[PDB]
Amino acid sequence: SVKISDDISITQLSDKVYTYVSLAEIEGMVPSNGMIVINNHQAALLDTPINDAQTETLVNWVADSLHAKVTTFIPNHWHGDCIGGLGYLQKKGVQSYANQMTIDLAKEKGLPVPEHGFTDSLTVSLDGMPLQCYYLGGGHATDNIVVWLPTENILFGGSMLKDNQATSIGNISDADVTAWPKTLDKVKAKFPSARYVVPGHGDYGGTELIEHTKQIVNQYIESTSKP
């Protein structure tokens, strides 16, 4: 990882794909992940840190160090660790795509609202490079999606995925706990070729994050059913 300003670090997974960790103070210095996909000096930002400040720092480093202008943006769901810095991106003129469900939640909450909304699946062409978005059911959040990079065999599962060292289900304020393990089933069955699998918070890895996360959630269901 390459550490930079604002408690942010970036780790390269391939020539055109990067994965960043932006530490942020909550109520707890919480770590948040996203991606930086590049093609023809144009970048796609998958999720933003929790705010406009950290986002600007990340977007500038990409321009400065990665020689690429962020032109595209796709959030996992409506939570701040996804669109907290969308306000600044919109000032920069960044085009955005998100599950129609995310657009509506952000809308009814007076939060920044992404422009184009898809309902099933959508593929954005980063000037040639395909960023495939997929809504496979509720999970960590009702509206959560996954972004698959076919050309690089990389999946940014978002916060619906936990890293291998994770042990708790986490914030289920807007989660659909019962459908979470079903969505994880769909994700595993849809992307078995995943080289890398990046979660919402924590260390990336491979497809095992999917099964482990399913194990964590299912144990949660088990733990709150019993008498």
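In case it trips you up, residue 1 is the first one in the sequence shown, and so on.
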* To do: Between 118 to 126 and 89 to 97, name whichever shows the higher mean Cα B factor according to the PDB entry.
  => 89 to 97
* Would you determine, from the values in the PDB entry, which of 5 to 13 and 214 to 222 has the greater average C-alpha temperature factor? => 5 to 13
* Tell me which of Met35, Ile172, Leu184, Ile50 tops the list for C-alpha B factor in the record. => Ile172
* **Position of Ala194 among the chain's modelled residues by C-alpha B-factor, lowest, middle or highest third** => middle
* Taking the entry's C-alpha B-factors for this chain, is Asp143 in the lowest, middle or highest third? -> lowest
* Asked: Is the Cα B-factor recorded for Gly157 in the lowest, middle or highest third of its chain?
  -> lowest
* Asked: How does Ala43 rank on Cα B-factor within its chain, lowest, middle or highest third?
  -> middle
* Structure fact -> On the chain's distribution of Cα B-factors, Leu149 falls within the third called highest
